[PDB]
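Here is the file input-v1.pdb (PDB, N, CA and C atoms).
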ATOM      1  N   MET C   1     171.493 134.657 108.593  1.00  0.00           N
ATOM      2  CA  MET C   1     171.556 134.579 107.104  1.00  0.00           C
ATOM      3  C   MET C   1     170.245 135.091 106.479  1.00  0.00           C
ATOM      4  N   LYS C   2     169.924 136.347 106.698  1.00  0.00           N
ATOM      5  CA  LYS C   2     168.679 136.962 106.139  1.00  0.00           C
ATOM      6  C   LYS C   2     168.914 137.404 104.684  1.00  0.00           C
ATOM      7  N   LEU C   3     167.864 137.802 104.006  1.00  0.00           N
ATOM      8  CA  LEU C   3     167.959 138.256 102.581  1.00  0.00           C
ATOM      9  C   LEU C   3     168.826 139.519 102.450  1.00  0.00           C
ATOM     10  N   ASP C   4     168.644 140.484 103.327  1.00  0.00           N
ATOM     11  CA  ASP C   4     169.431 141.759 103.282  1.00  0.00           C
ATOM     12  C   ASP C   4     170.944 141.517 103.352  1.00  0.00           C
ATOM     13  N   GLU C   5     171.426 140.698 104.264  1.00  0.00           N
ATOM     14  CA  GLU C   5     172.891 140.433 104.368  1.00  0.00           C
ATOM     15  C   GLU C   5     173.412 139.745 103.099  1.00  0.00           C
ATOM     16  N   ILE C   6     172.627 138.853 102.540  1.00  0.00           N
ATOM     17  CA  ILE C   6     172.981 138.112 101.286  1.00  0.00           C
ATOM     18  C   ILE C   6     173.139 139.153 100.161  1.00  0.00           C
ATOM     19  N   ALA C   7     172.328 140.192 100.189  1.00  0.00           N
ATOM     20  CA  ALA C   7     172.373 141.279  99.165  1.00  0.00           C
ATOM     21  C   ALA C   7     173.630 142.134  99.367  1.00  0.00           C
ATOM     22  N   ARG C   8     173.991 142.418 100.601  1.00  0.00           N
ATOM     23  CA  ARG C   8     175.205 143.241 100.902  1.00  0.00           C
ATOM     24  C   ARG C   8     176.459 142.388 100.654  1.00  0.00           C
ATOM     25  N   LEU C   9     176.458 141.165 101.141  1.00  0.00           N
ATOM     26  CA  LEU C   9     177.601 140.221 100.970  1.00  0.00           C
ATOM     27  C   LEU C   9     177.801 139.907  99.479  1.00  0.00           C
ATOM     28  N   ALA C  10     176.731 139.848  98.711  1.00  0.00           N
ATOM     29  CA  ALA C  10     176.810 139.551  97.245  1.00  0.00           C
ATOM     30  C   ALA C  10     177.089 140.843  96.461  1.00  0.00           C
ATOM     31  N   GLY C  11     176.327 141.884  96.725  1.00  0.00           N
ATOM     32  CA  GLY C  11     176.488 143.204  96.042  1.00  0.00           C
ATOM     33  C   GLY C  11     175.251 143.627  95.236  1.00  0.00           C
ATOM     34  N   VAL C  12     174.073 143.468  95.792  1.00  0.00           N
ATOM     35  CA  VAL C  12     172.794 143.861  95.103  1.00  0.00           C
ATOM     36  C   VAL C  12     171.799 144.443  96.127  1.00  0.00           C
ATOM     37  N   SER C  13     170.505 144.292  95.924  1.00  0.00           N
ATOM     38  CA  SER C  13     169.479 144.824  96.872  1.00  0.00           C
ATOM     39  C   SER C  13     168.680 143.665  97.490  1.00  0.00           C
ATOM     40  N   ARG C  14     167.873 143.995  98.475  1.00  0.00           N
ATOM     41  CA  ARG C  14     167.006 143.019  99.212  1.00  0.00           C
ATOM     42  C   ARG C  14     166.301 142.042  98.257  1.00  0.00           C
ATOM     43  N   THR C  15     165.739 142.513  97.165  1.00  0.00           N
ATOM     44  CA  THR C  15     165.041 141.604  96.205  1.00  0.00           C
ATOM     45  C   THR C  15     165.969 141.116  95.091  1.00  0.00           C
ATOM     46  N   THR C  16     166.870 141.937  94.598  1.00  0.00           N
ATOM     47  CA  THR C  16     167.799 141.500  93.509  1.00  0.00           C
ATOM     48  C   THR C  16     168.556 140.262  93.972  1.00  0.00           C
ATOM     49  N   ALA C  17     168.923 140.232  95.226  1.00  0.00           N
ATOM     50  CA  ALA C  17     169.652 139.060  95.782  1.00  0.00           C
ATOM     51  C   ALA C  17     168.633 137.919  95.814  1.00  0.00           C
ATOM     52  N   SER C  18     167.419 138.218  96.235  1.00  0.00           N
ATOM     53  CA  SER C  18     166.287 137.242  96.311  1.00  0.00           C
ATOM     54  C   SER C  18     166.117 136.524  94.964  1.00  0.00           C
ATOM     55  N   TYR C  19     166.387 137.212  93.872  1.00  0.00           N
ATOM     56  CA  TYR C  19     166.281 136.650  92.492  1.00  0.00           C
ATOM     57  C   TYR C  19     167.179 135.421  92.445  1.00  0.00           C
ATOM     58  N   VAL C  20     168.385 135.621  92.915  1.00  0.00           N
ATOM     59  CA  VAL C  20     169.399 134.543  92.958  1.00  0.00           C
ATOM     60  C   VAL C  20     169.013 133.466  93.987  1.00  0.00           C
ATOM     61  N   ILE C  21     168.494 133.856  95.134  1.00  0.00           N
ATOM     62  CA  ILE C  21     168.086 132.897  96.206  1.00  0.00           C
ATOM     63  C   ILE C  21     166.933 132.024  95.697  1.00  0.00           C
ATOM     64  N   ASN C  22     165.979 132.649  95.041  1.00  0.00           N
ATOM     65  CA  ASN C  22     164.788 131.947  94.473  1.00  0.00           C
ATOM     66  C   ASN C  22     165.144 131.239  93.154  1.00  0.00           C
ATOM     67  N   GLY C  23     166.251 131.572  92.522  1.00  0.00           N
ATOM     68  CA  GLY C  23     166.664 130.940  91.228  1.00  0.00           C
ATOM     69  C   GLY C  23     165.812 131.532  90.098  1.00  0.00           C
ATOM     70  N   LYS C  24     165.480 132.800  90.198  1.00  0.00           N
ATOM     71  CA  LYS C  24     164.651 133.524  89.194  1.00  0.00           C
ATOM     72  C   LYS C  24     165.408 134.669  88.505  1.00  0.00           C
ATOM     73  N   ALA C  25     166.713 134.725  88.643  1.00  0.00           N
ATOM     74  CA  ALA C  25     167.563 135.795  88.027  1.00  0.00           C
ATOM     75  C   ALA C  25     167.167 136.112  86.576  1.00  0.00           C
ATOM     76  N   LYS C  26     167.189 135.126  85.702  1.00  0.00           N
ATOM     77  CA  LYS C  26     166.823 135.299  84.266  1.00  0.00           C
ATOM     78  C   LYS C  26     165.391 135.856  84.136  1.00  0.00           C
ATOM     79  N   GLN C  27     164.492 135.469  85.020  1.00  0.00           N
ATOM     80  CA  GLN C  27     163.066 135.943  85.007  1.00  0.00           C
ATOM     81  C   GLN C  27     163.004 137.463  85.189  1.00  0.00           C
ATOM     82  N   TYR C  28     163.762 137.950  86.140  1.00  0.00           N
ATOM     83  CA  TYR C  28     163.822 139.390  86.476  1.00  0.00           C
ATOM     84  C   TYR C  28     164.752 140.098  85.481  1.00  0.00           C
ATOM     85  N   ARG C  29     165.991 140.366  85.835  1.00  0.00           N
ATOM     86  CA  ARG C  29     166.967 141.042  84.928  1.00  0.00           C
ATOM     87  C   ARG C  29     168.416 140.862  85.413  1.00  0.00           C
ATOM     88  N   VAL C  30     168.726 139.702  85.934  1.00  0.00           N
ATOM     89  CA  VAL C  30     170.105 139.403  86.431  1.00  0.00           C
ATOM     90  C   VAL C  30     170.552 138.053  85.834  1.00  0.00           C
ATOM     91  N   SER C  31     170.189 137.828  84.585  1.00  0.00           N
ATOM     92  CA  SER C  31     170.478 136.603  83.768  1.00  0.00           C
ATOM     93  C   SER C  31     171.766 135.843  84.128  1.00  0.00           C
ATOM     94  N   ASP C  32     172.848 136.542  84.364  1.00  0.00           N
ATOM     95  CA  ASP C  32     174.152 135.890  84.724  1.00  0.00           C
ATOM     96  C   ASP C  32     175.071 136.796  85.554  1.00  0.00           C
ATOM     97  N   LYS C  33     175.114 138.072  85.238  1.00  0.00           N
ATOM     98  CA  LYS C  33     175.951 139.098  85.942  1.00  0.00           C
ATOM     99  C   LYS C  33     175.844 138.951  87.468  1.00  0.00           C
ATOM    100  N   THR C  34     174.632 138.926  87.980  1.00  0.00           N
ATOM    101  CA  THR C  34     174.390 138.772  89.447  1.00  0.00           C
ATOM    102  C   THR C  34     174.340 137.283  89.799  1.00  0.00           C
ATOM    103  N   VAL C  35     174.053 136.394  88.868  1.00  0.00           N
ATOM    104  CA  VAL C  35     173.996 134.936  89.173  1.00  0.00           C
ATOM    105  C   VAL C  35     175.321 134.582  89.847  1.00  0.00           C
ATOM    106  N   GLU C  36     176.427 134.579  89.152  1.00  0.00           N
ATOM    107  CA  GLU C  36     177.730 134.244  89.824  1.00  0.00           C
ATOM    108  C   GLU C  36     177.987 135.156  91.047  1.00  0.00           C
ATOM    109  N   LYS C  37     177.702 136.433  90.918  1.00  0.00           N
ATOM    110  CA  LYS C  37     177.888 137.464  91.996  1.00  0.00           C
ATOM    111  C   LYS C  37     177.110 137.143  93.287  1.00  0.00           C
ATOM    112  N   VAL C  38     175.814 137.055  93.148  1.00  0.00           N
ATOM    113  CA  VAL C  38     174.853 136.773  94.253  1.00  0.00           C
ATOM    114  C   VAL C  38     174.731 135.272  94.546  1.00  0.00           C
ATOM    115  N   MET C  39     174.786 134.403  93.556  1.00  0.00           N
ATOM    116  CA  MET C  39     174.667 132.929  93.818  1.00  0.00           C
ATOM    117  C   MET C  39     175.854 132.463  94.654  1.00  0.00           C
ATOM    118  N   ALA C  40     177.036 132.963  94.362  1.00  0.00           N
ATOM    119  CA  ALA C  40     178.269 132.585  95.124  1.00  0.00           C
ATOM    120  C   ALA C  40     178.041 132.812  96.627  1.00  0.00           C
ATOM    121  N   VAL C  41     177.274 133.821  96.992  1.00  0.00           N
ATOM    122  CA  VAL C  41     176.971 134.142  98.417  1.00  0.00           C
ATOM    123  C   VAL C  41     175.819 133.234  98.875  1.00  0.00           C
ATOM    124  N   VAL C  42     174.725 133.205  98.151  1.00  0.00           N
ATOM    125  CA  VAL C  42     173.548 132.351  98.515  1.00  0.00           C
ATOM    126  C   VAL C  42     173.990 130.898  98.732  1.00  0.00           C
ATOM    127  N   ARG C  43     174.789 130.355  97.843  1.00  0.00           N
ATOM    128  CA  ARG C  43     175.270 128.958  97.966  1.00  0.00           C
ATOM    129  C   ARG C  43     176.449 128.807  98.941  1.00  0.00           C
ATOM    130  N   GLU C  44     177.237 129.835  99.173  1.00  0.00           N
ATOM    131  CA  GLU C  44     178.381 129.707 100.132  1.00  0.00           C
ATOM    132  C   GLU C  44     177.809 129.728 101.553  1.00  0.00           C
ATOM    133  N   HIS C  45     176.750 130.479 101.754  1.00  0.00           N
ATOM    134  CA  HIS C  45     176.069 130.590 103.069  1.00  0.00           C
ATOM    135  C   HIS C  45     174.981 129.502 103.164  1.00  0.00           C
ATOM    136  N   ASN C  46     174.549 128.953 102.039  1.00  0.00           N
ATOM    137  CA  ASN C  46     173.497 127.887 101.950  1.00  0.00           C
ATOM    138  C   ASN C  46     172.119 128.464 102.306  1.00  0.00           C
ATOM    139  N   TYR C  47     171.913 129.708 101.959  1.00  0.00           N
ATOM    140  CA  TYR C  47     170.623 130.410 102.230  1.00  0.00           C
ATOM    141  C   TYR C  47     169.572 129.983 101.194  1.00  0.00           C
ATOM    142  N   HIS C  48     168.404 129.603 101.659  1.00  0.00           N
ATOM    143  CA  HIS C  48     167.284 129.158 100.766  1.00  0.00           C
ATOM    144  C   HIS C  48     166.234 130.271 100.593  1.00  0.00           C
ATOM    145  N   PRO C  49     165.487 130.211  99.507  1.00  0.00           N
ATOM    146  CA  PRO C  49     164.427 131.212  99.187  1.00  0.00           C
ATOM    147  C   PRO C  49     163.204 131.096 100.114  1.00  0.00           C
ATOM    148  N   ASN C  50     162.979 132.121 100.905  1.00  0.00           N
ATOM    149  CA  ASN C  50     161.831 132.170 101.865  1.00  0.00           C
ATOM    150  C   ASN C  50     161.363 133.631 102.021  1.00  0.00           C
TER     151      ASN C  50
END
Could you write out this file's structure as structure tokens?
Amino acid sequence: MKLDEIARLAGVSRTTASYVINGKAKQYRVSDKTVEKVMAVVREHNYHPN
């Protein structure tokens, strides 16, 4: 469950997915569009920000 697979499984990039993993989406530029998109993967796999 690495960051790259979470990005492919969700549909973003190595760091864009990280935004969702770290809970910083709104800070960067994925306010909600990627939140449900990428969070659904981060939380379904239970991957934490590291």
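Nearest to residue C:44 of all the residues C:1, C:32, C:22, C:11 is C:1, based on only C-alpha atoms.
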### Query
Which residues in chain C does DSSP call alpha helix (DSSP H)? List them as JSON, numbers by chain.
{"C": [3, 4, 5, 6, 7, 8, 9, 10, 14, 15, 16, 17, 18, 19, 20, 21, 22, 33, 34, 40, 41, 42, 43, 44, 45]}
Expected residue set, 7 Å radius at (167.6, 141.5, 89.6), only N, CA and C atoms, as a compact mmCIF listing (two decimals) with N, CA and C atoms, in the coordinates of the input:
# COMPACT_ATOMS: atom_id res chain seq x y z
N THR C 15 165.74 142.51 97.16
CA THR C 15 165.04 141.60 96.20
C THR C 15 165.97 141.12 95.09
N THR C 16 166.87 141.94 94.60
CA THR C 16 167.80 141.50 93.51
C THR C 16 168.56 140.26 93.97
N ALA C 17 168.92 140.23 95.23
CA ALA C 17 169.65 139.06 95.78
C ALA C 17 168.63 137.92 95.81
N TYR C 19 166.39 137.21 93.87
CA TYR C 19 166.28 136.65 92.49
C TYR C 19 167.18 135.42 92.44
N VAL C 20 168.38 135.62 92.92
CA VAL C 20 169.40 134.54 92.96
C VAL C 20 169.01 133.47 93.99
N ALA C 25 166.71 134.72 88.64
CA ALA C 25 167.56 135.79 88.03
C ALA C 25 167.17 136.11 86.58
N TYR C 28 163.76 137.95 86.14
CA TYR C 28 163.82 139.39 86.48
C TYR C 28 164.75 140.10 85.48
N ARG C 29 165.99 140.37 85.84
CA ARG C 29 166.97 141.04 84.93
C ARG C 29 168.42 140.86 85.41
N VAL C 30 168.73 139.70 85.93
CA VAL C 30 170.10 139.40 86.43
C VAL C 30 170.55 138.05 85.83
N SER C 31 170.19 137.83 84.58
CA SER C 31 170.48 136.60 83.77
C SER C 31 171.77 135.84 84.13
### Non-local contacts of residue C:42 (8 Å; all atoms listed in the file; under 2 positions in same chain excluded) as an NGL selection string
:C and (6-7 or 9-10 or 17 or 20-21 or 37-40 or 44-48)
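Of note, atom C of residue C:18 and atom N of residue C:33 are spaced 13.3 Å apart.
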### Task
Measure the distance from atom C of residue C:26 to atom N of residue C:41 in Å and round it to one decimal.
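It comes out at 17.6 Å.
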